[PDB]
Every structure is written in structure tokens, then in C-alpha cells.
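Q: Supplied in C-alpha cells, the structure appears directly below.
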Amino acid sequence: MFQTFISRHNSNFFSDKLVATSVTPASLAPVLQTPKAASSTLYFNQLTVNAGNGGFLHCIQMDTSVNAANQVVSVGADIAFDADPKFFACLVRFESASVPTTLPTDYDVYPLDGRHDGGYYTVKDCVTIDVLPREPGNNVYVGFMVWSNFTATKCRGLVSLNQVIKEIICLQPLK
Amino acid sequence: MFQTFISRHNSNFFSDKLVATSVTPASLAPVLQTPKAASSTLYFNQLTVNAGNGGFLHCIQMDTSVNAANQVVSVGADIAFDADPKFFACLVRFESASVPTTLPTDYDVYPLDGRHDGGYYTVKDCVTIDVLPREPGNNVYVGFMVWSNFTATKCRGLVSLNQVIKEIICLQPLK
Amino acid sequence: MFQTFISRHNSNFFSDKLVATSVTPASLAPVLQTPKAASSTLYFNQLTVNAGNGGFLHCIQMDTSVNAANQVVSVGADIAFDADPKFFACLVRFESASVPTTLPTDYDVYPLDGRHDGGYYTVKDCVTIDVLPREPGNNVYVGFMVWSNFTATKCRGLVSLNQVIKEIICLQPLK
Amino acid sequence: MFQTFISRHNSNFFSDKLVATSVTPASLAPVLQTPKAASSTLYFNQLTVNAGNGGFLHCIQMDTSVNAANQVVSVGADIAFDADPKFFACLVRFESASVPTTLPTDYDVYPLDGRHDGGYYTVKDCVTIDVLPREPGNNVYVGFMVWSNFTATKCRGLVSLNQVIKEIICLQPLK
Amino acid sequence: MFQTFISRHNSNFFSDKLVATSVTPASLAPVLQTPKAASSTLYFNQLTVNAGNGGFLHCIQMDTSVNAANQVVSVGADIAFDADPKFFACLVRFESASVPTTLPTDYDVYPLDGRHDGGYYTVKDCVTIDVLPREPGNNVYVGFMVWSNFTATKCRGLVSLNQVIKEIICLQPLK
Amino acid sequence: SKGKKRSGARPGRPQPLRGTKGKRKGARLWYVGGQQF
Amino acid sequence: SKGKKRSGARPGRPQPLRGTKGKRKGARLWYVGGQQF
Amino acid sequence: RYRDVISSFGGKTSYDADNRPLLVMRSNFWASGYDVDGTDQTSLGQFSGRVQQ
Amino acid sequence: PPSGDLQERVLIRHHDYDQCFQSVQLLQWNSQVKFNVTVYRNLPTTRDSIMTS
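One line per chain: the protein sequences are G, Z, H, D, C, B, W, V and Y, in this order. Quick note, the first sequence lines up with residues 320 to 494 if you use my numbering. Quick note, the second sequence lines up with residues 320 to 494 if you use my numbering. Quick note, the third sequence lines up with residues 320 to 494 if you use my numbering. Quick note, the fourth sequence lines up with residues 320 to 494 if you use my numbering. Quick note, the fifth sequence lines up with residues 320 to 494 if you use my numbering. Quick note, the sixth sequence lines up with residues 2 to 38 if you use my numbering. Quick note, the seventh sequence lines up with residues 2 to 38 if you use my numbering. Quick note, the eighth sequence lines up with residues 744 to 796 if you use my numbering. Quick note, the ninth sequence lines up with residues 1324 to 1376 if you use my numbering.
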């Protein structure tokens, strides 16, 4: 048969380890690692989750070189909790005048079709988002967020985010 | 590889929080929040469900500016119950001469392919619906409905509805 | 992004409630409601299932106006049992000289890709079937069937069937 | 919306009942029923599985009328075990100089994307396979195989196999 | 209906049995069998997993005959554990100057959309990867890796990897 | 048989049908009570 | 060898085959008992 | 047929004598057309005929 | 490079062109031709063969 050659994520080619050992969910959701560029993969073999209500997230900054209002942003994730902390996952967009460490009080949420199974979650999707600052002198951040009424547990997995501002080339034997 | 650039929902870019703390399912299913426009995203971090038989729903109004009989309506949802209230989810169409607070006795239901997993539900789909009033002097409402023999429990998640009356533009680097 | 505009079911626009309160599975599988036309949606908020070996089904009649041997038939379903009655679901084709109330001894079965989860089942698919009477003076019926070694339990959901003999029009803003 | 009209299985239009009541898994995996032709659907409402290590399978013979090395073979299945016999399913190709009753010691296996859920399994896929005898004077058989460390249990369902050597015609109202 | 004729994996036509009976997960993840060529299918009917933190993997070598930087690599897998060792699966790229027996300290990870269900895992996907040595005088290996906080358990299944450097031909009756 | 044995193929493209009737007009057929456009 | 060594390529498009037989007619071949159309 | 027997003697029969219809005209032709080429990933190399005369 | 003795190299192996074409039922080439034959014989007509006198 033929090969598909069309996808929805297109990861980064370089992955980074999480420099942290614990997180505390809160309404001001903490950022796991410092945001960077327009593409980033984060994997963690062991993360301790403390009891708390709220969430936590992994985000990237938006590139504003191209003057186009609406752009596509992709995600691919795979998380495994030891317990079953009934939770929902979404895509969050927010703005900040400096480098953020938590989530501000003004933000938007978006639905993405994942594969909840109880402790397990997988997704590979794309969503169109308005990427321009919408308010002068601000940066825009887009992240992958997990929210629940958390208890003490543990998790492992990886998260990857990508902003479609350029196209990736690949080898096609017939073309 | 190439990027897909074709989707099934196309959310709104602006999300609203639920101004409510509890709901009581009934045969006259209550509406969670006041309907608006042709597109709306609703997220709730905490909702208390009381015991009752029936359901509840989130809906939008239909725009009648364009004189076309049949139009496409999309949904994207993600709900998490604490218990397992065996339930089914569908798309409901009804009519009302004023702003509704419950579901009238005459309505239609439609099936959509979700991802039931026990307390968890996810969907991202589109359905063609006749959107004209079908009876003079009435408004048409389309919603996302959950129905079961409910007990006392809790839920969290978000629901997004969209009516395809215009097309969304996005950046394509090759075009 | 663009909108898909291609689907697999295309429901009916009019849904009917089940006039019944119980069913008894058997090798002669009972029909839930009187068959009609080439398209029908049936929803039931409460159905009592008695103990028995066999199944039950919801069917439609086949339209023979167009002289084409093979045609496509679609299904969209969503069922929720209270217990876990290990069961399999399929598409069944049979023939009868009068209006049927059970399943005759001669019939065919077809596989469709559903989403069993334990008490839960969802599907949205299409299958090509030969629709002409295959024996003079007979009617052809196609249904959605559930088969198991049933015990006393309860279920809720909806089932929708469609025969692709005409095409549905929809609004496309760019075309 | 439009209708899909593209599929992955295309079943046979005629289904056969299993003439058997029990099976014993083994390293020489037994064949459920006599192989036939290039297309066959088998359904069984009740099958007893005895304790044993190995598997069992349902297969068809390969048609060699057309001199083409590589061809596509499809499968659609739906199985329900009463217990949870942790098992994996695959596609198996083997050769025999006479009609087989078990699986020989030389064979190949192929992966297909199913939907394991615990006692439940569903699949609808296609795989390219080399169908010519690869050794003079032999027949080629392709089957659907289930393998585990089985205990005493029960199962129900249906299995359908198809070899794509001709194309199926269907009615398209617009064409 | 029509046949799809487009896929995402395209397995090898020849499968190999695992010559091993146990594995011990570690941070230096052991390789199950000696890497080979640009395509390989490995199936194992019985594998014993000892207690340990880390993972294990099955890999192939990359062919450097064609001077193209980025190429597509496919995977199809199906694993069944007896217990539920909460784990995540990914694609790993690494480099070595000789034939490897473990995973070095420098590597990259990639997400792929699987179907975790608890003891069960299935996937069929493709990912673009840079395949040139990136450092003179080295070989590149790409594998399928499973990582967890493992205990003593058992597993069965098969794993298949493919590098898209040539295209596969198939019979099409209409063309 | 009698008298025909002719042929009828023409080259070109099948242009759409234009006007249901009319090759040669005779007398009036319809009387409504005036002009109607 | 003997006598041919010719060539046969022509330009144009491969028009579909039209009529199974017929380059030059001789005498009648079939007798059914009358005319048949 | 009776009209064949009379013709062999050298005679003639009108269609009223035989009670048969009268053929006024007859036409015959061959039907032709062209082909359409497929241009996507799967149907590149496939053709479909269209007869119109 | 071809293998075997001299006779095996000189003759054509059609498996050498398998990767050049797509798989179809009509092998590696196909043709549709009309043969316009004409023979001048000395044979009786069909009429002479079926009539005794």
C-alpha cells in the first residue's frame, strides 16, 4: 500500500529533561519549565504531585515574526498517573509582560480529543489560535494543562508542543 | 510530513466560566447558562450534581441571517464525573418563543460518536441539522445533552459548540 | 482550519420514542418497534431487559424504487447497560413476506467497528449490502442487533439507521 | 454532508455458522472450520475454550488466478470473552500441501491495530501480503489468530476475512 | 465501496522469534535482539520481566545509502502485560560507534498516539526523524521503548519497525 | 422492410437542450384575456 | 531471413475498436429464414 | 413468412395484405467519447471512459 | 550483473522489470488490434452447401 505522509503534530527532533522533582497544583497553575521558542518537547521519568486543587502546565512562547493573525498549534502527549485523579486536559492561551512562573487570572481554554482511560491519557491534535498579542507590549503563551482535585500521587510521560509557522520536508521515493 | 489543516470543530477563541454551582437533572432538562450567538465555549472547574432522573444541557441559538435550510453544527466536549453514572450523550434540537430555562416537551435527538470510558467522556464531531424555524415566529436552539438516572456526584470539564455559517482562515506557509 | 464536510451516517432529522417498557431476548430475536421507510432514529430513556439467551434488534425496510443491486447502509448507536452483559453487536439482513415481529431462521450478519467499553457501546459506520429481494415477492429488512447470554438488567440510549439512496445537501460558505 | 464511500474491509454478503462447540489452544493452533475461497465470514453464538497454551484461528485459502506478487487482505472481527484471558491478536501466513487442520511450524505474523478492552476486541484493517506460493506445489493460507495462556472460559462473536482481488460496486446517487 | 489502499506501517513480510526468556529494565535500557537492516518484525509468545526501574527496547539500524536528511519511520505494536505496570511508550533515537547492547546516556524521545488500556497497548503510527549520523563515524539506531517502575510480571506480543526509504507495490484491480 | 437504412452520427459536443418546442410556427394556441409576458 | 524489414508507427490517438469484422464483403454467410434486423 | 413466398414467384404484397407495420426510416451509428485522468495519490495512473455522441 | 552460464546471461529475464511498473492484471504490456484479412479462395458459397439441388 501507499504511505500516508500527512500528520497532525510534527515534533521537534530535540527533547529536554525536566529539571524538577515535584509540583503543587493551584489556581495559579505553576509552569513546569522555562518557556522557549516555538517548539519544545519535555519528558520526565518521575514527577511527584502534591495534594492541591488546580493544575499545572507546560507552555511555549509564540513567534511574532510573520504578521498573520491566526495560526495552527499542535500537541502530542502521553501521561500515566499511578492513581486515578479524575481530571480533564485542555489547551490554554494567556499573556504576560515578563517570563511567567504561574498562570494569570485571564486566559482561554480549548478542547482537544484525547483518550482518557484512568491514569492514562494520550492525544495528538491541532487547534487554530489567534497568536498576535491582542494588547500592545505583551507576549503570548500557549500550553498544555491538566486540572483536577489532586491528591498525593506520581506520574511519568512526555509532552510536545509545536507552532506551525514553517513546513517540514521529508523524503518521498516516488516524487 | 505535511500538516493536516482539516478539522471538525473550530472552537470560538473566547471561553466563558459557568456562573453556577449545582444542577438538578429532570425531564424538563435545565439549561446551564443563557444561550448566545452561534458559537460558545463553556468551562467549569467544579459542578455539583444532585440526585434526579433526566438530564441537563448547554445550548446556543441559531443564526437565521443566511437563507439556507440545512447547516452543519459542531461539538467538542470533555467531561469527568467522580462516580460512574451510566449515561448517554447526544445532540438535541428544540424551539421556543422566548429565552428558555428548561427543555420543552417536543424535541429531536441525534447520535454522535464519543469515547465513553466510565466517568470520562470525549467527543469531537459534526452533524447536519435543519436550522430554519419550521414554525413561524420561533427560535431554534441546539445543545449538548447528558441523560441518566443520576445520583449525587460531581463533575468537571468544558463544552464547546459551533455553527458553520462562515469559514475560518489560517496561515499556510506553502500557499 | 477547513471543515471536514464528509461523514459516515447522516441521520434522519426526526426521532421517535420507544413505545415499550421491556424486552425478552431469544433466538427468535424480537423487533423493538414497527419497521418503516428507509431511515429511522429510535431513542429510549429506560428499557428493562429480562433474562434470556439470544438478542433483540431495531430494523428498517428497504426501498426498491431504484433498480441497483448493491447499496450502502449506515448506523449510529450509543447504548449503556447498568451491568456488563458481555455481548457483541452486528448488522443483520433478513427477509419476510409480511411485517415481522421476530427474526426468522435464515439471515446474514456483518461486522462493524464499535467501541466496547463494558456496559458502553458506540458506533458510527457504513456497510455495503445487496438490497434486492433475492427471492420474488419478499421484503428485505436490515437492522442493528445485540446478542448475549443476558440476565436481568437495564439500558438506555438511541439507535439510528439510514439507507443511502439519496444525497443530503448542506451549506458551504466558500462554494 | 457527503457520504464517505471508502472503506477498509468489504465483507462477503454470506455468513456461515460454526459447526463446533469447543476448541483446545495449542502450539499447533487448530483451525476452526474448513478453509474456503478468497472470502469468508464466520459467526458463533457460543464457543467453549479449554485450558491450554497457544492459540486458534480462522483462515481462508489464497486465489492464484491473477499473477500478481503482492495483494491486500482485510479483516473485521468482534470477540467477547467472559473472563480476561490476556491475549494478543495478529495476522498469520502459512503454507501447506494439503487441507490443514492445525498450524505448521513455519509461519509469519503481522500486526494490526485493534481495540483491546478486557474480554473485548474489535478490529477493521487491511495488510499487504505476498500471496504467491513461494515454494512450488503449495497452497497459501492467511488467517486471524488469537494467542494466550488460556484457561477455561467462553466466547462469542464473528470474524470476517477478505482478499482484494476484485473491486465491489455500489450505488452513488450523484455519479 | 472502494478500498482504502493507503496505510501507515507496511510491515516486512518476514518475522523473527525472540531468542531470550527474560529482561531486566534499567536506566541503560537493554536491547532485546541484535539490530538489523531497515525493517524488522519481532514476536515473542512469552517474556519474563524482572523488577527494576527503567525500560527496554527493540531497535533497527538506519540505512545511509540515500543522501536525504529527514525520513519517515513507522511502528506497529501490540503488547499485553499480566499485571498493570503503569508505563509510557515512545520512539527513541540514539547513536553508537559499535553494535549496542544497552541505551547510551544521550538520546531523544518522540510521542506516538497509542491505545493504553491497562496491561494492553496498541499503536500504528509514523514519525519523521533526521537519519544522518549528525556526528562523523557513527551509526544511528531508532527503536520502540517501554519505560516504567517495573515489578515482576510477564508479557507477550509483537513489535514491527520500518524505515520508509522505498515504496511498496500492490495490486489495484481498476488501475 | 422498406425504406430507410440511413445514418445519423454527427461530430461536436452535446449542447444542452434549448427550448421545449418550436421548429415552425402556425396559428395561435392560447387565449388568456390579454398580454402576459 | 527473407522479405519484410518494414516499419509501422503512426501518429495520433488510439481510437476505440469499431466493428469486429469487415474490410471487404463477399457472399452471404447466414440464413435464418427471413430478415431479422 | 408469407410475404417471402410471394416474392419468390416475382410478385408483390402490400402491407395491408399482410397486416404488418410500415417502416418509414432507419438510422445507425457508432458511439464514441474520451477519457478522464485521475490525479490524486491513489488514482494517479487510472482512467475512466465517457461515451457521448 | 547477470549470473549463471553464458546462455542465462544472453536471454532476457522479465523479473528485471518488476519494479518499473505498477501491479495490474494485464501483465507488462497489452494491445488491442483489428486484423483486416482478405483471402481469395475457390470454395462454394454457403447457399451451395445447404441446398441439395
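The beta-carbon is built from N, C-alpha and C at its ideal position, and this holds for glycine as well.
Assuming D425(C) and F413(C) are in contact, meaning their beta carbons sit under 8 Å apart, how far apart are those beta carbons, in whole angstroms?
A: The pair is a contact, with the Cβ atoms about 7 Å apart (cut-off 8 Å).
Q: So, with DSSP's three-state summary, where would you put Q795(V)?
A: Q795(V): coil per DSSP, three-state reduction.
Q: Assess contact between the segment 443–452 of chain H and the segment 355–374 of chain H, defined as three or more Cβ pairs (one per stretch) separated by less than 8 Å. Is contact present?
A: Flag = no, the segment 443–452 of chain H and the segment 355–374 of chain H do not touch.
Q: For a contact meaning CB atoms closer than 8 Å, what does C489(G) contact in chain C?
A: The answer, in chain order, is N389, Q390, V391, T447.
Q: Determine, for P430(C), whether the minimum Cβ-Cβ distance to residues of chain G falls below 7 Å.
A: Judged by the 7 Å Cβ criterion, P430(C) is in contact with chain G.
Q: For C1343(Y), does the count of other Cβ atoms within 10 angstroms reach 16, so buried, or fall short, so exposed?
A: Exposed.
Q: Do the segment 322–334 of chain H and the segment 468–475 of chain Z make contact, defined as three or more Cβ pairs closer than 8 Å?
A: Contact between the segment 322–334 of chain H and the segment 468–475 of chain Z is absent, because fewer than three Cβ pairs lie under 8 Å.
Q: Mapping the DSSP letters down to three states, classify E1331(Y) as helix, strand or coil.
A: It is helical.
Q: Per DSSP, which residues does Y362(Z) bridge with? Please list them.
A: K336(Z), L477(Z).
Q: So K485(D) contacts chain H; which residues on that side make the cut at Cβ distance below 7 Å?
A: Residues of chain H passing the Cβ test: none, with the nearest at roughly 13 Å.
Q: Locate the alpha helix (DSSP H) running through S384(H), then write down its first and last residues.
A: Here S384(H) belongs to no alpha helix (DSSP H), and DSSP marks it neither H nor E.
Q: Between which two residues does the beta strand (DSSP E) containing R412(G) stretch?
A: Counting along the chain, the beta strand (DSSP E) containing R412(G) begins and ends at 406–415.
Q: Closer than 7 Å, CB to CB, is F333(C) near chain G or not?
A: Closer than 7 Å: no.
Q: Cβ of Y362(D) within 7 Å of Cβ of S334(D)?
A: Yes.
Q: When the cut-off is 7 Å and only beta carbons count, does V450(D) lie next to chain Y?
A: Taking Cβ atoms only, chain Y never reaches closer than 7 Å to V450(D), which makes this a no.
Q: When the Cα atoms are used, what is the spatial distance from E486(G) to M381(Z)?
A: Roughly 38 Å between the two C-alpha positions.
Q: Please confirm if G35(W) has its CB atom under 7 Å from at least one CB of chain V.
A: Cβ-Cβ to chain V under 7 Å: yes for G35(W).
Q: Measure the CB-CB distance between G433(D) and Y439(D) and report whether it falls below 7 Å.
A: Taking 7 Å as the Cβ cut-off, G433(D) and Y439(D) do not qualify as a contacting pair.
Q: At a Cβ cut of 7 Å, what residues of the segment 468–479 of chain Z count as close to chain G, listed as they run along the chain?
A: Taking 7 Å as the Cβ-Cβ cut-off against chain G, the residues of the segment 468–479 of chain Z that qualify are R475, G476, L477, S479.
Q: Among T323(Z), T360(Z), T353(Z), which residue has its Cα nearest to the Cα of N481(Z)?
A: Looking at the Cα atoms, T360(Z) is the closest of the given residues.
Q: Cβ atoms of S479(Z) and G395(Z): under 7 Å apart, would you say?
A: In this structure, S479(Z) lies closer than 7 Å to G395(Z) by Cβ.
Q: Measure the Cβ-Cβ separation of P404(G) and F321(G) and say whether it is below 7 Å.
A: Not in contact: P404(G) and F321(G) (Cβ atoms no closer than 7 Å).
Q: Over the uninterrupted alpha helix (DSSP H) stretch that includes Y745(V), give me the two end residues.
A: Taken as a continuous stretch (DSSP letters only), the alpha helix (DSSP H) holding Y745(V) covers 745–751.
Q: Flag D436(D) as yes if its beta-carbon sits less than 7 Å from any beta-carbon of chain C, otherwise no.
A: Interface residue, yes.
Q: Considering only the beta carbon of each residue, do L451(H) and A388(H) sit closer than 7 Å?
A: Yes, these two residues count as a Cβ contact at 7 Å.
Q: By the 10 Å Cβ neighbour count, where 16 or more other Cβ atoms means buried, how is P344(G) classified, buried or exposed?
A: Answer is buried; the Cβ neighbour count reaches 16.
Q: I believe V428(H) touches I448(H) by the beta-carbon criterion, under 8 Å. Please report the beta-carbon distance rounded to the nearest angstrom.
A: Incorrect: roughly 11 Å between the Cβ atoms, too far for contact.
Q: Using a cut-off of 9 Å between C-beta atoms, extract the partners of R25(W) located in chain Y.
A: Result: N1359, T1361.
Q: Can you tell me whether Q16(B) is buried or exposed? The criterion is at least 16 other CB atoms within 10 Å of its CB, across all chains shown.
A: So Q16(B) ends up on the exposed side.
Q: Just the C-alpha distance for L422(Z) and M464(Z), rounded to the nearest angstrom, thanks.
A: If I take the Cα positions, the gap works out to 10 Å.
Q: Taking 7 Å as the CB-CB cut-off, is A10(W) touching chain Y?
A: Answer no: the Cβ-Cβ gap between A10(W) and chain Y never drops below 7 Å.
Q: Given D397(D), which residues of its chain have a CB within under 7 Å of its CB, disregarding the five upstream and five downstream residues?
A: Only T441, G476, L477 meet the Cβ criterion.
Q: With distances taken Cα to Cα, identify the nearest neighbour of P354(C) among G371(C), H377(C), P492(C).
A: Measuring from the Cα of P354(C), the nearest candidate turns out to be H377(C).
Q: Note down, in chain order, all residues in the segment 1328–1349 of chain Y with a beta-carbon under 9 Å from any beta-carbon belonging to chain C.
A: Taking 9 Å as the Cβ-Cβ cut-off against chain C, the residues of the segment 1328–1349 of chain Y that qualify are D1341, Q1342, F1344, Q1345, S1346, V1347, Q1348.
Q: By the three-class DSSP mapping on this structure, what secondary structure does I1373(Y) have?
A: Helix at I1373(Y).
Q: What in chain H is Cβ-close to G395(Z), meaning under 8 Å?
A: Neighbours of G395(Z) on chain H: none; closest Cβ ~13 Å, over 8 Å.
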